[PDB]
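Input: a single structure, listed below in structure tokens.
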Amino acid sequence: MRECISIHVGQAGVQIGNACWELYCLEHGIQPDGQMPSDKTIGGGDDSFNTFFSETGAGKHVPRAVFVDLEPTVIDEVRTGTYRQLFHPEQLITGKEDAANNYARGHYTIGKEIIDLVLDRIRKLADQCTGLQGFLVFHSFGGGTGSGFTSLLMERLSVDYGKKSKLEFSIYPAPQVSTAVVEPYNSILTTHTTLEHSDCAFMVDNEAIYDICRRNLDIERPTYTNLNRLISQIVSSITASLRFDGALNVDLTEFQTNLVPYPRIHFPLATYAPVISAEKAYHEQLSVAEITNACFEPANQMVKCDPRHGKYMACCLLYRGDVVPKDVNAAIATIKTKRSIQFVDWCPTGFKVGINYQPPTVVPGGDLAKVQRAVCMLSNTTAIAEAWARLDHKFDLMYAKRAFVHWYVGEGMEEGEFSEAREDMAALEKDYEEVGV
Amino acid sequence: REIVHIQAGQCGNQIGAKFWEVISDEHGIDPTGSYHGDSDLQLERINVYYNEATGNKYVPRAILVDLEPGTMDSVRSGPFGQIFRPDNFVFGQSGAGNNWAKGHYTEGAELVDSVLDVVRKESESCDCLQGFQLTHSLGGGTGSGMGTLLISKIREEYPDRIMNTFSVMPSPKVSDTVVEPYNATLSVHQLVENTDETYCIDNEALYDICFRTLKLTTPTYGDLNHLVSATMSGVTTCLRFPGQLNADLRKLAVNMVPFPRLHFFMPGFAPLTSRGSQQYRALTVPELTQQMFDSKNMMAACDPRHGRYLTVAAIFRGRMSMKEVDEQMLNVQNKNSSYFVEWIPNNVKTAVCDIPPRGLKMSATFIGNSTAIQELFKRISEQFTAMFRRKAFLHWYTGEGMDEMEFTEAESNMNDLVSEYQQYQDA
Amino acid sequence: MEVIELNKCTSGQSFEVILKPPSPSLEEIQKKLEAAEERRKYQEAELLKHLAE
Amino acid sequence: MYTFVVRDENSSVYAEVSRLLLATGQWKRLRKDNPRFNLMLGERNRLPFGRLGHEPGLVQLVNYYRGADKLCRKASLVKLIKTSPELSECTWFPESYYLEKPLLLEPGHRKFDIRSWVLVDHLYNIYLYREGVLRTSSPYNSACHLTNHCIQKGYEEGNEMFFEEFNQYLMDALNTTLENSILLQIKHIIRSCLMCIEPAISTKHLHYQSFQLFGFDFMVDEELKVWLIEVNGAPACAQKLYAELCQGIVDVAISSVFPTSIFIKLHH
Ligand SMILES: Nc1nc2c(ncn2[C@@H]2O[C@H](COP(=O)(O)OP(=O)(O)OP(=O)(O)O)[C@@H](O)[C@H]2O)c(=O)[nH]1
Ligand SMILES: Nc1ncnc2c1ncn2[C@@H]1O[C@H](COP(=O)(O)OP(=O)(O)CP(=O)(O)O)[C@@H](O)[C@H]1O
Ligand SMILES: Nc1nc2c(ncn2[C@@H]2O[C@H](COP(=O)(O)OP(=O)(O)O)[C@@H](O)[C@H]2O)c(=O)[nH]1
Ligand SMILES: COc1ccc(N(C)c2nc(Cl)nc3sccc23)cc1
Ligand SMILES: [Ca+2]
Ligand SMILES: [Mg+2]
Ligand SMILES: [Mg+2]
């Protein structure tokens, strides 16, 4: 058993971190006080869930997590919330002045004042690990903290934990729910500076999560709570192999191996099915074939894009619930005839499959119906580069006039870091194009 | 994140007092500082504007300033006049005679340090000061001349805090003296350099609204200040209340100001109402949206169709469909896309708060950074040169030590501001 | 269509299906983080010196 | 009022379509780069499909099907026909990697090809415009071979025989009709080509929607037997038919999304 430390940065990362840890406790039978009646090894153990929870001598299961924000408002809700007793106070780190939606303020001015404190609180968790696997980092592209402090932290983690894997859960910016006009600036800046320090990054476009909540959950105007419960179901699908017994994606290195054959193209697309409203009184339960087919419909992807016009380098299917291999292969055979699934020539045309018999857990009172079977598909398709195209365009419109650059330069950043970050993104879009035509 | 409020001169103190009356009522503080409120949205962020005292008394973080005692006396006699901390009354005795030079260079200099001592005491007891908010007119002497002197010194001592102003622009239709264009031009030159955001509250626009829309045949400063306080309450909503967008002065500056000097905002409000007469049909969200963008609802007397919106911030107050608010705001931009610069994607952002202002079931407040604001500054530039070309009324200013050259720089800086706004109207 | 690598356990099983085969240092960080703080300090020194004028 | 932007200023077809849209008083043209459009008449190459359908509050539509280039480029088409099982390795495509006895109009002993305009709407209806055109060649000789309008550079005005005269000819000369002897084959060929790529290019569950106008070029042989030569993805019309076809493109493809018939619906 090797441990994983989760790091949640800024408002998005913290609030999404709370959703995930609430769900993790429900799936593992850990109550809000941290007690786990099913752990018969009191005070310790090298069970799978210990990848994410340490145990106290008093039988408490404590997340291997640190929450970090440059302002106290959001993490204060964790300090007073239903799962407050779960986290040691040292894991909840707060500043006084947030980043003001400004990457440069999070990375340079305010970031440099708190980085050393965060890395020591992190060192405190690493030191309780018998073998540290690496980190799961949750954050927005758009916030000043989520983008600016995260990239500063990712650089230091590479220095202080060179041999250790770093994975990302990144909230891509959408206007329906955005907070700032400069989110395109912060996205490119944080992507450029972080790209080399991240082994695998699961992007979630708030536009996709938002429409799924409107279309499938009948939520007229989804809030952050609606989005985060749906997002945390998906993150739980992605991390279930690290917390449960199995043979697929059992450590962080397997995520690179299985999903990222080429280092810079390391943003797998996540597609999730089925999403069913708790309000539907009568629901006809979906077969393996129906939920698997739904993994190829763009309306269920965490990022809207068209994989038919891209190429696959890797593809995994993560099922939870009443699923057996025969139905999956049957489902795949018929889906393969009817769909445009092109793999790059230097990769086998295949699907790595993982099945967990525990059907998805749903938050009591949430919007998600309990279902008999569900699947999360992780595919590395060049089609996701459409999201980079969208973002780089928005960046280009503002940067051509240098609109708002003075707020970044005023914090100590240099104008040339903008164009330098933009050039990296130009190289990235070019990489996806070579790999996909 | 504490805000420090400063109100200077006659206009500054009068609209300052109204602002504190109106938001106190919104937060459930009575004139004696006691909270008698219903909701807990009212106290969540109450420390942004109020200080805590024994007996759970809430005291405004406000400093009252004037070179003239008379108006501060009237404030102390006003409804909420006893809520202000008495040591925060800072006043002289000679007045400024509607003279920017007396406020900025001679009379105001005598008093400015005492004011800075009070500012310092308030700052030294803040967890994290966001910055400052000043209410003042630009057409008199104290708010205009001493107000801008205060801004210059506050910036020197707090160079990393946000400076925000509510600046009442002079109009010949509501005019105390002929030298208002002189005082306003000298001040605009200061504001361009030393504030991060200023709301252009135009007495011409407030007059036209009272006369044409509200049908008030002879508008008073009371009728003007009703509009100003509705605007001031609206635009600060996202600073005072918890919501999906928890805003502060720096986040407002960052998202509204693409280039440092272009930080002069057109405020808008709907529904427009006159004091005392309440109307009983609430507006529909489509009505709020259309009226709030209508030129007849702007407080800065500029036709928005004569320019482009760089950025827009809107806030809807009351119980209503956020879906309908989103669709209606999306509708106005898609139907009028030519009036929003294409080079700032998604430059319109909307917030919603459940508490409505007193007397309204639903309101919409509008904050525009439009290149049409240049019309305001040209108007003032024309009035200035009409007198300045004959050096008329200058002796009032040379008498205090000022040189003509200073007037030339200020006028030329304001003409530069106009050119810069014209630069982006076409891009 | 070939199935491979099948692993079963009491929690689930995993496996593979092939349809068709193929065909900076801590000091460098300290340097730039401090270069930025000097540009900030410099620009603030121009502000205060201009305000001193 | 709906809004549209124009990004290919060399399309005769959509120049006339812009003209028609404005004159309804219900469409306003935005600037090329304004993104707040309902409709994009897009550029012919590198059209930015990845930036469509992410405009909240806007239903977006575009006059091209991403992926239809496979049909519409010489070497892609042969690749598509040979490899797709729906079009076997197929009785109506000339072997690929000359048609030595074409049908020849009399008088003139001339050679020709038939262009058919086909409009595929966002719902993937296939609409064959009823007006075709033959391109004549002012005398065919083994050992006036390429019927291209420009190459031939005058029988029938501009070297174009429309379907009424051509049908009259088939009755007089050959004792048959344009419908029975050729058009069944053409409707079959069009239907097969577009049903083949429908899963690759359809926009039925997509965040943006597409329609597109195609030009199918056919060659009739001496047995009254039809062959597919080329599929053109950015075709132009004949001056006589511009008005009707462009008006049809608005009724079927544009007003249908943003609110007797000159098209034949090819049911599939
Ligand atoms: N899915 C999801 N996205 C969120 C959530 N909270 C914030 N975001 C996104 O994050 C973006 C802004 O970044 P934030 O994380 O909120 O800002 P921050 O990380 O706290 O950094 P600061 O600028 O200092 O506040 C917005 O565009 C939101 O779309 C959340 O709870 N769930
Ligand atoms: N296999 C074949 N047998 C007989 N004639 C043929 C033929 N292939 C082509 N042709 C004739 O020769 C011409 C060669 O021109 P080509 O087909 O390259 O033009 P095009 O169809 O690209 C022009 P446009 O795009 O304007 O329609 C054809 O238009 C047709 O008249
Ligand atoms: N809207 C409004 N404007 C005012 C009020 N009082 C003064 N003004 C304006 O302010 C200008 C006079 O400046 P004033 O503030 O009275 O001089 P000061 O005492 O030195 O600050 C005039 O042009 C008025 O239009 C008021 O109560 N409301
Ligand atoms: C151009 O995009 C913008 C404009 C403004 C903001 N912010 C920070 C606001 N701040 C305050 Cl105090 N009130 C309001 S009301 C709507 C926004 C808003 C955010 C993005
Ligand atoms: Ca154990
Ligand atoms: Mg935050
Ligand atoms: Mg006066």
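Residue numbers begin at 1 in each chain, while the letters A, B, ... track the order of the sequences.
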ask   = Taking the side chain from B:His226 and the backbone from B:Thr273, do they hold a donor-acceptor pair closer than 3.5 Å?
value = yes

request  = Scan for salt bridge (charged side-chain N to carboxylate O under 4.0 Å, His left out) pairs involving residues 383-393 of chain B, sequence neighbours excluded, and state none if there are none.
outcome  = B:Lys391-B:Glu404

ask   = Is it true that a side-chain atom of B:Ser144 and a backbone atom of B:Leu138 form a donor plus acceptor pair closer than 3.5 Å?
value = yes

query = Going by atom types only, do B:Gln190 and B:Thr148 share a side-chain donor-acceptor pair under 3.5 Å?
reply = no

task = Scan side-chain atoms only and decide if B:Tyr50 and B:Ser24 contain a donor-acceptor pair under the 3.5 Å cut-off.
result = yes

ask   = Which residues satisfy the side chain to side chain donor-acceptor pair (under 3.5 Å) test with B:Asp294, sequence neighbours excluded?
value = none

request  = Before giving the answer on salt bridge (charged side-chain N to carboxylate O under 4.0 Å, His left out), spell out for B:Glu342 and D:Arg36 the whole-Å C-alpha distance, their side-chain angles and the decisive distance to 0.1 Å.
outcome  = CA-CA 9 Å; B:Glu342 42 175 23; D:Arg36 303 203 126 98; over 6 Å; no

request  = Mark yes or no for whether B:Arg61, through its side chain, and B:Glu122, through its backbone, hold a donor-acceptor pair below 3.5 Å.
outcome  = no

ask   = side chain to side chain donor-acceptor pair (under 3.5 Å) with B:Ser175: which residues, sequence neighbours excluded?
value = B:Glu180

inquiry  = Counting C-beta onward and ignoring hydrogens, is there a side-chain heavy-atom pair between B:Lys335 and B:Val332 closer than 4.5 Å?
reply    = no

request  = Decide if the gap between the ring center of B:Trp100 and the ring center of B:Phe407 is smaller than 6.0 angstrom.
outcome  = no

query = Does any donor atom in the side chain of B:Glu197 or B:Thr165 lie under 3.5 Å from an acceptor atom in the other side chain?
reply = no

query = With a 4.5 Å heavy-atom cut-off, do B:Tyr339 and B:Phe293 have their side chains touching?
reply = no

query = Does a side-chain heavy-atom distance below 4.5 Å link B:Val341 with B:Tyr309?
reply = no

request  = Can you tell me which residue pairs pass the salt bridge (charged side-chain N to carboxylate O under 4.0 Å, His left out) test with a partner in residues 418-427 of chain B, sequence neighbours excluded?
outcome  = B:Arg261-B:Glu420

task = Measure from NZ or CZ of B:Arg76 to the centre of the six-membered ring of B:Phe89 and say whether it is under 6.0 Å with the direction within 45° of the ring axis.
result = yes

message = Less than 3.5 Å apart, any donor N or O on the side chain of B:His136 or B:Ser167 sitting next to an acceptor on the other?
response = yes

request  = Given side chain to side chain donor-acceptor pair (under 3.5 Å), test B:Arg240 with B:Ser233 step by step and report yes or no.
outcome  = CA-CA 9 Å; B:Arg240 312 186 272 119; B:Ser233 164; 3.1 Å; yes

message = How about NZ on B:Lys378, more than 12 heavy atoms from neighbouring residues, nucleotides or ligands closer than 6.0 Å, or not?
response = no

ask   = Just checking, is any N or O donor in the side chain of B:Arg317 or B:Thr237 under 3.5 Å from an acceptor N or O on the other one?
value = yes

message = Checking the side chain of B:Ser74 only, and the main-chain atoms of B:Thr71 only, is there a donor and an acceptor separated by less than 3.5 Å?
response = yes

remark   = Between the CE atom in B:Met292 and the CD atom in B:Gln290, the distance rounded to the nearest 0.5 Å is 11.0 Å

Donor-acceptor contact below 3.5 Å, side chain B:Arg161 vs main chain B:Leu129 = yes

Just distance, no hydrogens or angles: give the donor-acceptor pairs under 3.5 Å from side chains in residues 207-214 of chain B, sequence neighbours left out.
| residue | atom | partner | partner atom | Å |
| --- | --- | --- | --- | --- |
| B:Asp208 | OD1 | B:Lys173 | NZ | 2.9 |

note = For residues 366-376 of chain B, the salt bridge (charged side-chain N to carboxylate O under 4.0 Å, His left out) pairs (sequence neighbours left out) are none

request  = Applying side chain to side chain donor-acceptor pair (under 3.5 Å), name anything that partners B:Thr217, two or more places apart in sequence or on another chain.
outcome  = none

ask   = Taking atom types as modelled, is there a side-chain donor on B:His263 or B:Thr195 under 3.5 Å from an acceptor on the other?
value = yes

request  = Please name all residues satisfying salt bridge (charged side-chain N to carboxylate O under 4.0 Å, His left out) with B:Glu327, sequence neighbours left out, ordered by chain then number.
outcome  = B:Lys323

key: Side-chain donor or acceptor of B:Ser152 paired with backbone N/O of B:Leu149 under 3.5 Å   = no

message = Tell me whether B:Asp196 contacts the main-chain N or O of B:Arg250 through its side chain, where contact means a donor paired with an acceptor under 3.5 Å.
response = no

ask   = Do B:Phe166 and B:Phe265 have ring centroids that are under 6.0 Å from one another?
value = no

ask   = Would a distance-only check, ignoring hydrogens and angles, find a side-chain to backbone donor-acceptor pair under 3.5 Å from B:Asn255 to A:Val181?
value = yes

query = Taking atom types as modelled, is there a side-chain donor on B:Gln291 or B:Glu287 under 3.5 Å from an acceptor on the other?
reply = no

task = Measure the acute angle between the ring planes of B:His5 and B:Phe19, then classify it against the limits of 30° and 60° as parallel, tilted or perpendicular.
result = parallel

ask   = salt bridge (charged side-chain N to carboxylate O under 4.0 Å, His left out): which pairs involve residues 266-277 of chain B, sequence neighbours left out?
value = B:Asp223-B:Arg275

remark   = Hits for salt bridge (charged side-chain N to carboxylate O under 4.0 Å, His left out) against B:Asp66, two or more places apart or cross-chain, chain-then-number order -> none

query = Atom OG of B:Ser412 and atom CE of B:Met414: how far apart are they, to the nearest 0.5 Å?
reply = 12.0 Å

query = Side-chain donor-acceptor pair under 3.5 Å between B:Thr371 and B:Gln425, yes or no?
reply = yes

task = Go through the side-chain N and O atoms of B:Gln130 and B:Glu2 and say whether any donor and acceptor fall under 3.5 Å apart.
result = no

task = Kindly indicate whether the side chain of B:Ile154, heavy atoms from C-beta on, has any atom under 4.5 Å from the side chain of B:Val4.
result = no

key: Non-hydrogen side-chain atoms of B:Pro271 and B:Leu360 separated by less than 4.5 Å   = yes

message = Checking B:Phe384 now: which residues fulfil ring-ring contact (aromatic ring centres under 6.0 Å, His included) with it, not counting sequence neighbours?
response = B:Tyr182, B:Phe388

ask   = Heavy atoms, side chains only, cut-off 4.5 Å: are B:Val352 and B:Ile315 in contact?
value = no

note = Separation between CD1 (B:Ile15) and CD1 (B:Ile201), nearest 0.5 Å, reads 5.0 Å

All side chain to side chain donor-acceptor pair (under 3.5 Å) counterparts of B:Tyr49, not counting sequence neighbours = B:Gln133

ask   = Does some side-chain heavy atom of B:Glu204 sit less than 4.5 Å from a side-chain heavy atom of B:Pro172?
value = yes

note = Separation between OG (B:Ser381) and CD (B:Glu411), nearest 0.5 Å, reads 5.5 Å

Side-chain H-bond candidate by donor/acceptor type, B:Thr135 with B:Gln7, under 3.5 Å = no

key: Donor-acceptor pair, side chain of B:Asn369 and main chain of B:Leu262, under 3.5 angstrom   = yes

ask   = Rounded to the nearest 0.5 Å, what separation is found between the CG atom of B:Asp416 and the NE2 atom of B:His189?
value = 10.0 Å

ask   = Using 30° and 60° as the class limits, which term best fits the ring planes of B:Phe259 and B:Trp343: parallel, tilted or perpendicular?
value = tilted

ask   = Are B:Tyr421 and B:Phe264 near enough that their ring centres are under 6.0 Å apart?
value = no

message = Distance check, rounded to the nearest 0.5 Å: B:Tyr397 atom OH versus B:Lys102 atom NZ?
response = 11.0 Å

